[PDB]
Amino acid sequence: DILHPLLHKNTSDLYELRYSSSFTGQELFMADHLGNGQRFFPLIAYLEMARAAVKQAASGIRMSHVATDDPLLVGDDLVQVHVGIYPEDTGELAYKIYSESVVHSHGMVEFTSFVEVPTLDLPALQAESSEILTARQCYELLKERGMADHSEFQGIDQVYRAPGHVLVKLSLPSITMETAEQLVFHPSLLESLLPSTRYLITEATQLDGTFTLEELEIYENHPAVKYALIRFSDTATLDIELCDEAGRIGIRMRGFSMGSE
Amino acid sequence: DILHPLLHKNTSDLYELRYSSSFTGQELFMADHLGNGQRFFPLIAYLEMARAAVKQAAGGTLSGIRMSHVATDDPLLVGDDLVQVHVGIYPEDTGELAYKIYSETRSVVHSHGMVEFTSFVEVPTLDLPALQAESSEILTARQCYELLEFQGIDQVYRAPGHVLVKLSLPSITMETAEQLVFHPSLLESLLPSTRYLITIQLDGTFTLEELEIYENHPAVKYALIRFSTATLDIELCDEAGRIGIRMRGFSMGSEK
C-alpha cells in the first residue's frame with residue numbers, strides 16, 4: 001500500500017495538501033554499497049519525489065527555480081519526509097519537501113503540452129569528438145586530479161568528448177518493470193552523471209548535498225535514457241539532455257548547479 | 001494499509017479533500033446477507049463513514065462531534081459490482097464542515113450533511129430503572145424475532161411512547177472495533193426499531209436532523225427509541241445510562 005517508491009502516503013488534511021514518506025536508508029533511491037550510515041539524500045531523489053507529488057495532485061511537466069538549500073540527512077535515524085503542494089498562480093504550483101520543521105527543497109511546477117519535443121543528432125555528436133574514453137579511463141584521469149575523484153562508473157559504457165561537451169553512453173543498472181513504471185529518474189543516474197560532469201569541468205579548467213536547477217522539462221512519462229549530453233550553460237552551471245537510442249530527448253535540465261565545500 | 005473499515009485511503013488532490021473506499025458486499029458490516037446479490041448500503045454505515053472522514057480531516061482532536069441536516073436521498077447499491085465510494089469534505093465560513101458521500105463517469109451524491117466539533121458541557125443520561133418500571137410489556141429476544149437475519153437484543157421494554165432495548169453486544173474491542181463508534185450489526189438494529197415501537201419495505205433512504213457523539217468508542221448496552229415510517233429520537237447508552245450517542249429526527253424512507 002504505497003503510491004510511489006518515494007511517496008508512501010497521502011496525508012492531506014484541513015490545513016494542507018501533502019504526502020508523507022518514512023525512510024530508513026535501505027529504500028530504492030537510498031540504495032548504497034554494503035548497508036547504510038548518515039548521508040545526504042540523493043539529488044535526483046528530490047526531483048523524482050516532487051514530480052511524483054505533483055502528478056498525484058492532479059502530461060508534460062516543467063519544474064522551474066528548484067533549490068535544495070538545507071540537505072535532508074538519511075541513514076542515521078528514521079526520517080519522516082513530507083511533500084507539500086501549494087497554490088502559486090493560475091497555471092503554476094509550488095512545492096516544498098520538508099521534515100521535522102525544516103524545508104530541504106522547493107520549486108515551481110507547470111503542466112504543459114510540449115508542442116515540439118527536442119532531439120539530438122547522435123551520429124553527428126559522436127563524429128565531432130576529439131576523444132572517446134572507456135569507463136576506466138575516466139576514473140583513471142579523475143583520480144589524477146585532487147579536487148575530483150569518485151568510487152563507481154558502473155553506469156558508464158563510454159564517454160565521447162568534444163570541445164564544450166561530453167556525450168555519455170549509459171548502461172543504467174536493471175530496475176524491475178513494475179518499479180521502473182512509477183519512476184522517471186533512475187535511482188543510479190547521479191552516480192553516472194557526477195563523474196561525467198567532473199570530467200567536463202576538469203578539461204575546461206566535495207558535494208555538500210545542495211543544488212539549484214533553473215528549469216527541468218519532462219517530455220514523456222517513463223523515458224528510456226541511453227545517453228546524457230552534458231554542456232556548460234550559456235559555481236559550474238550545466239545543461240543536461242537525457243535521450244533514448246534514437247536521440248529523442250525525454251528530460252532536459254537547464255541551469256543545473258551542485259554545491260560544494 | 002487502511003485508515004478505517006469504511007475509509008480505505010486518502011485520495012485528496014488539488015481540487016478536493018477526500019477519502020475513497022472500494023466495497024464488495026461480502027464485508028463484516030454487510031454480513032447478515034439474505035442472498036449473495038445487490039442490496040442498499042446500510043443506513044448507519046453512511047454516518048460512520050462521514051464521521052471517520054471528518055475526524056481524519058482534523059488532528060488537536062476534540063471528543064465531541066455534531067452532525068446536522070443529514071440526508072441520504074439516492075441510495076448506494078452494493079454487492080452487484082465492485083463500488084468505489086468517495087467522501088468529500090468541504091470547509092465553511094462558520095467553521096463548520098460539510099460532507100458528501102458519492103460514487104461513479106456520471107457522479108451521484110448518495111448522502112450529505114454538516115459537521116462540527118464541539119465540547120459537550122453536559123453529557124445527558126437516562127434513568128434506566130425508572131424507564132424499565134414504566135413498561136407495559138417486556139419481551140424476550142425470541143418474542144421480538146417471532147414478530148419479524150438479526151440478533152443482538154437481550155430484551156425489549158415497551159412503554160407508551162417508547163421502547164428500551166437491552167443490547168447483547170459481542171464487543172470485539174480489537175484494532176478494527178476501536179476505529180468504529182457505531183458497533184458492527186448495530187446498522188441492522190434500526191431495521192426492526194420502527195417495528196417494535198409501532199403496535200412496507202425500506203428503500204435505502206433516510207433523513208436525520210441531528211446526531212451528537214459525546215465520546216469516542218462509546219459502550220452501547222441500551223437503545224431508548226421514541227417518536228420525535230415516522231420520525232424518531234434514539235439515545236444509545238452504557239450500563240449506567242450515560243448516553244454516548246443521540247440521534248434526533250431520524251426518518252427512514254419507505255418504498256411504497
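Throughout, a chain's letter reflects where its sequence line sits, starting with A, and its residues are numbered from 1. Values reported hereafter were calculated over all heavy atoms of this structure, with side chains retained and with hydrogens, waters and symmetry mates removed.
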Self-check item: Side chain / backbone / both / neither for A:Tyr19 at chain B, heavy atoms under 4.5 Å
Solution: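 When you check distances to chain B, only side chain atoms of A:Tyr19 fall under 4.5 Å.
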Quiz item: Of the backbone (N, CA, C, O) and the side chain (C-beta and beyond), which part of B:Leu17 lies under 4.5 Å from a heavy atom of chain A, both, or neither?
Solution: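 Looking at B:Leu17, just its side chain touches chain A.
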Quiz item: Of the backbone (N, CA, C, O) and the side chain (C-beta and beyond), which part of B:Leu97 lies under 4.5 Å from a heavy atom of chain A, both, or neither?
Solution: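 Only the side chain of B:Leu97 comes within 4.5 Å of chain A.
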Do [X] and [Y] have a side chain donor and acceptor closer than 3.5 Å?
X: B:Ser12; Y: A:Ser12; value: no
X: A:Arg18; Y: A:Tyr98; value: yes
X: A:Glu245; Y: A:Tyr227; value: no

Quiz item: Looking at A:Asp13, A:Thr11, A:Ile85, A:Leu3, which makes the most heavy-atom pairs under 4.5 Å with chain B?
Solution: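 Option with the greatest count: A:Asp13.
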Practice problem: Select, from A:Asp1, A:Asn10, A:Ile2, the one with the greatest count of heavy-atom pairs under 4.5 Å involving chain B. | Solution: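 Winner by heavy-atom pair count: A:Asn10.
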Quiz prompt | Parallel, tilted or perpendicular: ring planes of A:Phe41 versus A:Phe23, cut at 30 and 60 degrees | solution =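 Geometry flag for A:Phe23 against A:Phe41: tilted rings.
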Quiz prompt | Name of the residue among A:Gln80, A:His82, A:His104 meeting side-chain hydrogen bond (donor to acceptor under 3.5 Å, both in side chains) with A:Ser99 | solution =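 Passing option: A:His104.
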